[PDB]
Structures are given as structure tokens and as C-alpha cells.
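*Asks:* What follows is a structure written as C-alpha cells; I'll ask about it next.
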Amino acid sequence: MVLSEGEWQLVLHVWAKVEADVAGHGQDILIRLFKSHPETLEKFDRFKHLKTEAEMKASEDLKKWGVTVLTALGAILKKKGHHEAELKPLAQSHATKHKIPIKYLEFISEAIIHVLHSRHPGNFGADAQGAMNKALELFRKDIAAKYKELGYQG
Ligand code: HEM
């Protein structure tokens with residue numbers, strides 16, 4: 001839960017690359033999530049009728065939601081762990097409305113790592129991977145704690 005300064009800078013350095021193309025990274029990540037863990041697709045009534053990869057690729061709406069998701073994540077990462085304010089609304093909606101278990105957040109964490117490797121063969125190596133994994137694990141543990149604070153089991 002306590003990352004080094006150097007680890008946070010690895011996280012934010014690669015995130016700067018994500019921010020050069022938020023929608024593309026976002027679409028890539030959701031497509032990867034749905035492919036690797038198809039049960040997650042059922043959480044999205046708006047996407048569950050995209051039945052092939054050609055269909056997912058062509059979904060402009062999916063790109064837009066990629067932006068929605070990554071924009072929230074980016075703001076969280078930039079807080080370097082001091083993300084209580086950002087987690088409040090997100091835990092509320094994800095615990096009580098969307099009903100996303102923490103395990104699904106582990107699934108999307110894996111998709112994020114995968115896409116960062118795919119998109120950044122030059123500057124997302126072992127150290128950057130380790131750092132990003134720590135940052136995403138912190139997010140998951142803290143949001144799990146917030147679910148519980150709200151009275152919910154993630
Ligand atoms: C990094 C992890 C995630 C972030 C930062 C994130 C962020 C967001 C944001 C900002 C919204 C819109 C505002 C809101 O309702 O809170 C949203 C909506 C939503 N999210 Fe998440 N999300 C994440 C992971 C997931 C995962 C893994 C799933 C399902 C497997 C999921 C399911 C949904 C659904 C179903 C909605 C509403 C979609 C709709 O209204 O059509 N989220 N998310």
C-alpha cells in the first residue's frame with residue numbers, strides 16, 4: 001500500500017502515454033476484459049449485444065465508455081494513493097448500482113496491464129509493470145474497504 005516515489009513516477013510516466021489516446025486505450029481495455037472474462041460483458045446492457053470482435057471494434061459507444069472509465073482511473077492514479085475523495089462516488093455506484101465484485105476489478109486490472117504491454121513495447125517493462133500492479137492493487141484494496149464502509153461485501 002506504500003509505493004516508492006520511483007514506483008509512482010513509473011505509473012504516472014506510462015499513464016501520460018495513455019492520456020495521448022484515452023479512447024483507444026479505453027476501447028482496447030474493455031475489449032480485452034470482455035474477451036478474457038466474458039462474464040463481465042453481462043454487466044453492460046449497452047454492450048452485451050456486441051457479439052463479435054468486429055462488432056466490438058466498430059462500437060463508438062464502447063470507445064466513449066473507455067474514456068469514461070479511464071478518465072476516472074487517471075484522476076485516481078494521479079493522487080498517488082490519496083484518493084479518498086475520488087473513491088467515494090465510485091464505490092457508491094459500483095457497490096450498490098452496478099454491483100461489481102472486487103474480483104471483476106482484478107479482471108480489468110489484468111486487462112489494463114495487458115493493453116499497456118501491447119501498446120507500449122518500448123517503455124512498459126518489468127519495473128513499470130510491477131509499479132502499475134502495485135498501484136492497481138492499492139486501488140482495489142481501498143475501494144474494497146470503501147464497499148465495506150458503505151455496508152457492502154465486494
Ligand atoms: C478501473 C476500474 C473502473 C473504473 C475506474 C470505472 C469507472 C466508471 C465510471 C466513471 C463510470 C460512470 C460513473 C459511474 O457510474 O460511477 C462507470 C460506470 C459503469 N461501470 Fe465501472 N469502472 C471500473 C471497472 C468496472 C468493471 C470491471 C465493470 C464490470 C465488469 C464496471 C461496470 C460498470 C457499469 C456496468 C457502469 C454503468 C454502465 C452504463 O450505465 O451503461 N466497471 N465506471
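FYI, nothing fancy with the C-alpha cells labels: chains A, B, ... in order, residues from 1 per chain, ligands from 1 as they appear.
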Show me which residues sit within 10 Å of ligand 1 when counting only C-alpha atoms and all ligand atoms, and put them as a PyMOL selection string.

*Replies:* chain A and resi 29-30+33-34+37-47+61-62+65-77+86-95+97-109+111-112+136+139-140+143

*Asks:* Using backbone DSSP assignments, extract all helix (DSSP H, G or I) residues from stretch 19-147 of chain A; output them as an MDAnalysis selection string.

*Replies:* chainID A and resid 19 22:36 38:43 53:58 60:78 84:96 102:119 126:147

*Asks:* What is the atom CA of residue A:138-atom CA of residue A:26 distance in Å, reported with one decimal?

*Replies:*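 A separation of 20.5 Å between them.
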
*Asks:* Write out as a ChimeraX atom specification which residues come within 8 Å of residue A:7 when counting only C-alpha atoms, dropping same-chain ones fewer than 5 positions away.

*Replies:* /A:128,131-132

*Asks:* Please build the interface table for stretch 23-81 of chain A against stretch 116-124 of chain A with a cut-off of 10 Å, listing for each qualifying residue the nearest atom pair and the distance in Å to one decimal; count only C-alpha atoms, order rows by chain and increasing number, and write it as JSON lines.

*Replies:*
```
{"residue": "A:24", "atom": "CA", "partner": "A:119", "partner_atom": "CA", "distance": 9.9}
{"residue": "A:25", "atom": "CA", "partner": "A:119", "partner_atom": "CA", "distance": 8.1}
{"residue": "A:28", "atom": "CA", "partner": "A:119", "partner_atom": "CA", "distance": 9.3}
{"residue": "A:29", "atom": "CA", "partner": "A:116", "partner_atom": "CA", "distance": 9.0}
```

*Asks:* Go ahead and dump the residues you just picked, N, CA, C and O atoms, as a short mmCIF file (atom, residue, chain, number, x, y, z; two decimals), in the first residue's frame.

*Replies:*
```cif
data_model
loop_
_atom_site.label_atom_id
_atom_site.label_comp_id
_atom_site.auth_asym_id
_atom_site.auth_seq_id
_atom_site.Cartn_x
_atom_site.Cartn_y
_atom_site.Cartn_z
N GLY A 24 -8.71 5.18 -27.33
CA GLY A 24 -8.14 3.97 -27.93
C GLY A 24 -7.69 2.99 -26.87
O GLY A 24 -8.00 1.80 -26.96
N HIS A 25 -6.97 3.48 -25.87
CA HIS A 25 -6.61 2.63 -24.74
C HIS A 25 -7.87 2.10 -24.06
O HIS A 25 -7.95 0.93 -23.71
N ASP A 28 -9.52 -0.61 -26.12
CA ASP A 28 -8.66 -1.79 -26.07
C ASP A 28 -8.85 -2.54 -24.77
O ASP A 28 -8.91 -3.77 -24.74
N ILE A 29 -8.93 -1.80 -23.67
CA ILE A 29 -9.03 -2.40 -22.35
C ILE A 29 -10.36 -3.11 -22.14
O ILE A 29 -10.40 -4.23 -21.61
#
```

*Asks:* Take atom CA of residue A:8 and atom CA of residue A:84 and report the distance between them in Å, one decimal.

*Replies:* 17.2 Å

*Asks:* What gap, in Å, lies between atom CA of residue A:129 and atom CA of residue A:18?

*Replies:* 14.2 Å

*Asks:* In terms of the shortest atom-to-atom distance over only C-alpha atoms, which of A:55, A:149, A:19, A:137 is closest to residue A:78?

*Replies:*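 Smallest distance to residue A:78 is found for A:19.
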
*Asks:* Restricting the calculation to only C-alpha atoms: of A:96, A:27, A:133, A:4, which residue gets closest to residue A:56?

*Replies:*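 Among the listed residues, the smallest separation from residue A:56 belongs to A:27.
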
*Asks:* Pick from A:36, A:49, A:114, A:135: nearest to residue A:1, with only C-alpha atoms counted?

*Replies:*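 Using only C-alpha atoms, the shortest distance to residue A:1 belongs to A:135.
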